Every structure is written in structure tokens, then in C-alpha cells.
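J.: As a preliminary step, the opening chains of the complex are given here in situ:
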Amino acid sequence: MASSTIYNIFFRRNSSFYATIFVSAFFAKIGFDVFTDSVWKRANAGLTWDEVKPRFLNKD
């Protein structure tokens, strides 16, 4: 293992470099989307139309 194996796998040839870049970008987009969704959902409690639905229309 050590640190030479990491260089041998991804950081050895440019072709094996761009593919790693693209895959990491694809995963990072999903990760950041999940993070921002969670933080925005936690920020607003009792302030969105989905959480004020029963008060108004459920009573008709």
C-alpha cells in the first residue's frame, strides 16, 4: 500500500487523472446537494406551506 500505490492508481497518467476528476465531481455534486437540502430544511421550522397546511385547509 503506502503512498506510492495511490500515485500509481489515479495520479500516474492523465487519462487515469481526468476520469478520477469527473467521477469525484459527480459524487461531490450529490453530496453538496444533500448537505444544503438538510441545512435549509433545518433552518425553517413552521414557516413553509407544507407545515402550515393542517392549520388552514384541514379545517375547511
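T.: Arrived safely, thanks for sending. Numbers count the residues shown, from 1 in each chain, chains lettered A, B, ... in the order given.

J.: how many neighbours does residue A:53 have?
T.: Other residues lying near residue A:53 total 10 when counted by other C-beta atoms under 10 Å. C-beta coordinates here come from the backbone N, C-alpha and C atoms, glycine included.

J.: Residue A:15 too?
T.: Neighbour count of residue A:15, defined by other C-beta under 10 Å: 7.

J.: where's the helix ranked longest in chain A relative to the chain centroid, distance-wise?
T.: Secondary structure of chain A per DSSP state H: the longest helix is helix A:15-43. Its chain's C-alpha centre and that of helix A:15-43 lie 4 Å apart, by C-alpha atoms, centre = their mean, to the nearest Å.

J.: So which residue is smack in the middle of chain A?
T.: residue A:31 (1.8 Å; C-alpha atoms, centre = their mean).

J.: Test my guess that residue A:16 contacts residue A:10.
T.: Yes: contact criterion C-beta atoms under 8 Å: residue A:16 and residue A:10 qualify, at 5.8 Å.

J.: before we move on, back to that, could you report the distance from the residue nearest to the centre of chain A to residue A:39?
T.: Distance of residue A:31 to residue A:39, given as C-beta to C-beta, to the nearest Å: 13 Å.

J.: Then residue A:20?
T.: 28 Å.

J.: And these two? Which one has more around it.
T.: Comparing residue A:20 with residue A:39 by other C-beta under 10 Å, the one with more neighbours is residue A:20, at 12 against 9.

J.: residues touching the more buried one, list them.
T.: Contacts for residue A:20 (C-beta atoms under 8 Å, 6 or more residues apart in numbering) come out as residue A:10.

J.: Residue A:4: how many residues sit nearby?
T.: Residue A:4 has 8 neighbouring residues, counting by other C-beta under 10 Å.

J.: My error: substitute residue A:2 in the last question.
T.: Using other C-beta under 10 Å, the number of residues around residue A:2 comes to 6.

J.: The following sequence is to be added as chain B:
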Amino acid sequence: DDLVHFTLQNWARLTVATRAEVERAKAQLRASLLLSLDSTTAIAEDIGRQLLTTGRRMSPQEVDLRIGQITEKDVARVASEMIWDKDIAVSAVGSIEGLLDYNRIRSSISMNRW
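T.: Chain B, in position alongside the others:
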């Protein structure tokens, strides 16, 4: 800069060396190794150095056997583990205004096409 770039490019190209080049170089090295000893002074100096550094004077049979083992894949492995994208030490003297800086020089030792 062109000379340095081409030299380092040919250095880096050894990772994909063919089989005819290796055989030609092996023959040339086998010829030139024992062809530079003509005078008695040269032979004595060679004996002294060979015994001083290693500890024995290798017979020509041993040299031929060691050279024969070399194949193109060993050359590729050594060039990949020693030359491919590794640190270099340079030294310039004279009119070197046209010699570019260190990073640009080093960038040529590893080809980007592969």
C-alpha cells in the same frame, strides 16, 4: 528550450521502449564494455577499480549472462520507477539567457498524452 524539451521527451519515452532498440543497445554495450582496455595501464586501472568498489572482478561470462537477462519490460519498469516524473538537478554555465526556469524544464520529463 527546444533542445531541453526534446531531450527530456526522449528520456520519458523509454517507458514504452521497443524490443529492437533494447537488443541494439545491449549489443553496443557488450561490445564497448571490453573494447576500451588496450594499454596495460587501462587494464590495471580497471582491475583496481573493479576490485575496490564491488570486491571481485567479474568474468566476461558473468557480464554476458547479466546483459543477456535484460528485456524491454525491465527497461520500461526502470524508466517508470526512475525517470518518469521525478526530480532533476541541473547546472548551467555560459550564456544561459534562453534557458527557461525550473518548473518549465521539469514539466517536459513526463509526457501528457498517455
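
J.: and the neighbour count of residue A:4, now that chain B is in?
T.: Counted with other C-beta atoms under 10 Å in any protein chain shown, the neighbours of residue A:4 add up to 9.

J.: Repeat that for residue B:109.
T.: Counted with other C-beta under 10 Å, residues neighbouring residue B:109 total 19.

J.: Likewise for the one 5 residues further on?
T.: Each residue near residue B:114 was counted by other C-beta under 10 Å, and the total is 13.

J.: Spatially nearest residue to it (excluding sequence neighbours)?
T.: For residue B:114, ignoring the flanking residues on the chain, the nearest one in space by C-beta to C-beta, 6 or more residues apart in numbering or on different chains is residue A:13 at 4.9 Å.

J.: where does that neighbour land in three-state SS?
T.: Under DSSP: H, G, I helix; E, B strand; the rest coil, residue A:13 falls in the coil class.

J.: near chain A, which residues of chain B?
T.: B:112, B:113, B:114 (C-beta under 8 Å from any C-beta of the partner chain).

J.: buried residues in stretch B:13-30?
T.: Going by neighbour count (16 or more other C-beta atoms under 10 Å in any protein chain shown), the buried part of stretch B:13-30 is B:14, B:15, B:22, B:26.

J.: same deal with stretch B:78-93?
T.: Judged by neighbour count (16+ other C-beta under 10 Å), stretch B:78-93 contains these buried residues: B:79, B:80, B:83, B:84.

J.: can you tell me how far the residue nearest to the centre of chain A sits from chain B?
T.: Distance, residue A:31 to chain B, by C-beta to the nearest C-beta, to the nearest Å: 30 Å.

J.: give me every residue that touches that residue.
T.: For residue A:31, no contacting residues are found, by C-beta atoms under 8 Å, 6 or more residues apart in numbering or on different chains.

J.: separation between it and residue B:3?
T.: Distance of residue A:31 to residue B:3, computed by C-beta to C-beta: 48 Å.

J.: how about the helix or strand hosting residue B:51 as PDB, C-alpha atoms only?
T.: Applying DSSP states H and E as the criterion places residue B:51 in helix B:40-53. What follows is helix B:40-53, C-alpha atoms only, in PDB (Å, rounded to 0.1, in the frame of the first residue of the first chain):
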ATOM      1  CA  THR B  40      48.400  -2.200 -19.700                       C
ATOM      2  CA  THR B  41      47.700   0.900 -17.600                       C
ATOM      3  CA  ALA B  42      44.000   0.800 -18.600                       C
ATOM      4  CA  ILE B  43      43.700  -2.900 -17.700                       C
ATOM      5  CA  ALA B  44      45.400  -2.400 -14.400                       C
ATOM      6  CA  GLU B  45      43.200   0.600 -13.600                       C
ATOM      7  CA  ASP B  46      40.100  -1.400 -14.500                       C
ATOM      8  CA  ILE B  47      41.200  -4.300 -12.300                       C
ATOM      9  CA  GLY B  48      41.900  -2.000  -9.400                       C
ATOM     10  CA  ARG B  49      38.600  -0.100  -9.600                       C
ATOM     11  CA  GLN B  50      36.500  -3.300 -10.000                       C
ATOM     12  CA  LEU B  51      38.100  -4.900  -7.000                       C
ATOM     13  CA  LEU B  52      37.900  -1.700  -5.000                       C
ATOM     14  CA  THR B  53      34.200  -1.000  -5.500                       C
END
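
J.: can you add chain C next? sequence is:
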Amino acid sequence: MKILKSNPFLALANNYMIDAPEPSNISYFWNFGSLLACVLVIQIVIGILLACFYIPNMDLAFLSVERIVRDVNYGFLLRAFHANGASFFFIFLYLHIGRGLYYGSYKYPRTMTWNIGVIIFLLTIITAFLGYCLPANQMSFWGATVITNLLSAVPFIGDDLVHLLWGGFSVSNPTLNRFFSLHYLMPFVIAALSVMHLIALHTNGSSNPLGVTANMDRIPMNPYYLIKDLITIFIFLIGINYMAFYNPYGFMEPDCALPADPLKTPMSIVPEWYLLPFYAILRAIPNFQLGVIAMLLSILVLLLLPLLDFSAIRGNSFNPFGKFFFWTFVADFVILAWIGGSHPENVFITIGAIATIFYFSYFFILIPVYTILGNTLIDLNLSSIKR
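T.: To build on what is shown above, here is chain C added in:
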């Protein structure tokens, strides 16, 4: 050292327009590039002027054009000059391509210039469509509806591209807005590509009708070729002014002076005349995807020419077979245009199919065979002369 060779910008002007070695025996067929540049400049200026009175929408474009015609000061000159210059552009383009094809100018060392010219031709064709689709008359509406529907032939994302281009579900306000926005931008890209064309050409110089090296005899461009182009410029002006002042709607079909009614389908849906042969090639093949593939190939085949000429000579000046077959191909092109223009009747289908077959055979079978035959005949006769 004189000023013109010292200052940067003046040196840039001098190296391309004043002091530039040229072959000393180039005929009158080498002036069409200057005519193309003049026509492009005229189009740019006239379009910039016309954009100050045009409103790009379904319910206001035709009325805006009419107001331009009969209410704006000297608007008829503007509209007629724009249309007639756009028509003359394709005539001069075809003459330029013919000159490049007849004398074998695609061979080395001028391949990059040929490729850049092909790209410019494609861009010009695309630009023409958006320009003519703006007035929103009957033929513009129906031809745009037919042509933009061809994007559905691609496998996958088929109708999605058509919907994205249309900006809705049918030809309406958004697609006219898109077309007006795009028609302004493309000519600038064309000008940049023309600059690239010239800078790629200048590195090796022009050819000559003889086809041999012209490095032995050269003359500067400044006094000689700046006055040989004036005659062509004045002749083009006298040609275009007659059209603009005595027959402004010359190349214009009768169905191009009516509002775009989306309920009455016209008898014939045809594009402008200069795009007719490609339309005929598209309509020849019964299949759909094959039709668009062949239509694209009919213009993309000009990139395969350099690797199809097995001739020791460079040109058709000393090629007896080439002179015959070139005019045969030109006649076939004219026949293709005529067939595409007219109705898709009984005999016309057969005639168009045969013409398309010949058009695609000329580029792929005839050229190598006759070049090889000419080389073989000349070599044999020369070899059998001493004994």
C-alpha cells in the same frame, strides 16, 4: 526604414494589402474574394441599419416590415439591398467554390484554407435561413416549420431538441425572438472565420492557372491588383443596382407577400433558390434519417477531396478528362436545382433520383478513376517515345 514597415498597425496593413508577393498571371477568377468581402460588409451595415426598425414578434414583424417599406425614409432601398445582396452572396460563393475546385486548389499546401472555407460555407448557409425566416410570411412560416422538424431524426432526445429550439410547441413569438437574436450574432463569427481564412492563406500565397511554382516571378499587390479588382467591384455594383431599382422582388416567389396563416397549407413548400439542390438531395431518398444524412454529406464531402485526387498534376488546365467531367458535374448541379424547385411529380422523381446518384458518384468514383487513367496514359506515351 519607412513608417509603413515600422509602426505595428501600419505594418499589419502593409503585409497583407500593400506589399505582398503574388503570382503574376492570376486570371480574373481570383477577384471573387474581394467581392465576397464587399458584399459581407454591405450586408453587415444594411442589417445594422434595418435592426433599428424591426420588432421581432408574431403579431408585429410583418407590419413592421411593411412600415419599413412604405413609411420609413428610403426604406425600400434598405430592404431591397439587403435581400438582393443576400442573394448575390451565394452566387459569388458558388463561383469562389467553383474556382477552388476547377484548378485543384484543395491540394497541399492549402488544405487548412479549404477546411476553413467549408466551415464558413456551412455558417453562411445557417445564417441565410434565420435571416429569411424573420419576415414571417407564408413561405417563411411553413419552410421553418418543415426544416426545424428535421432535428427529430437524431436517435434519442428526438423531439426534445425540436421543442427546445421552438421554445414551445409550434412556431410562435419565442422562436422568432430566438431567430432574431441569433441572426445578429452569426455574421460576426463569419467575419472572424474570414480573418482566420486570410491569415491561414497568407502563409503560403495564392496559386496560378498554370499550376507550377510562382516563386520565380512575383509582383507586389499595391499598384497592380488593387486596380484589377476595381472593375469587378463596379460591375457588381452595376449588377446589383439594376436589381434594386428595376426588379427588387426578382428572386422572390409570389407566395412571399402574404401574412403567415397557420391554417392554409400552401401548394408548394420550398426554401429560397440558393438552398434548392440540398433540398432536392434530401427529398430524393424515401427514408427519413438517410435523407438528412445525405443532405449533411452533400456539403461535408468537400473535406474528403484532398485524399481523393491521385493526380501528379495540380489542376484541370492540362487534364482533358477533368475539363469534361467538371462541366458535366456543373450541369448535374443545375439539373438538381431545377428538380428541387419544381413539384414532386411522376417523372421528376426519377430525374431527381438519377441526378442525386450522379452527384454522389462524381465525388466518389469518377475522380480517382480518371486521374489514374490520365496519369497512366501520359506515362505510357512518354515511356514509349524513345524506342
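
J.: back to the neighbour count of residue A:4, now that we've got chain C?
T.: The number of residues packed near residue A:4 is 9, by other C-beta under 10 Å.

J.: can you pull the contacts of it?
T.: Neighbours of residue A:4 in contact, by C-beta under 8 Å, 6+ apart: none.

J.: residue contacts, residue B:17?
T.: B:72, B:75, B:76, B:79.

J.: mind running it again at 10 Å?
T.: Residue B:17 sits next to B:25, B:72, B:73, B:75, B:76, B:79 when contact means C-beta atoms under 10 Å, 6 or more residues apart in numbering or on different chains.

J.: nearest residue to the fifth one other than its sequence neighbours?
T.: Put plainly, it is residue B:76. Closest residue to residue B:76 apart from its sequence neighbours, by C-beta to C-beta, 6+ apart: residue B:15 at 5.4 Å.

J.: on that earlier part again, give the other helices and strands that the helix or strand that the helix holding residue B:51 is followed by contacts.
T.: Downstream of helix B:40-53, the first helix or strand assigned by DSSP H and E is helix B:60-68. On a contact count with 3 or more C-beta pairs under 10 Å, 6 or more residues apart in numbering or on different chains; DSSP states H and E, helix B:60-68 meets helix B:20-33.

J.: What is the helix it packs on packed up against?
T.: Judged by 3+ C-beta pairs under 10 Å, 6+ apart, helix B:20-33 is in contact with helix B:60-68, helix B:72-82.

J.: Return the most buried member of those.
T.: Most buried of the helices and strands packed on helix B:20-33 by mean neighbour count (mean count of other C-beta atoms under 10 Å in any protein chain shown) is helix B:72-82; its value is a mean of 14.

J.: Tell me which helix or strand comes right after it.
T.: Following helix B:72-82 in sequence order, the next helix or strand is helix B:102-107 (DSSP H and E).

J.: Tabulate the CA atom coordinates of that following helix in PDB.
T.: C-alpha atoms of helix B:102-107 as PDB (Å, rounded to 0.1, in the frame of the first residue of the first chain):
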ATOM      1  CA  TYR B 102      13.000  25.200 -13.300                       C
ATOM      2  CA  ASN B 103       9.300  24.300 -13.500                       C
ATOM      3  CA  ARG B 104       9.100  24.600 -17.300                       C
ATOM      4  CA  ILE B 105      12.100  22.400 -17.600                       C
ATOM      5  CA  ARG B 106      10.700  19.800 -15.200                       C
ATOM      6  CA  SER B 107       7.300  19.700 -17.000                       C
END
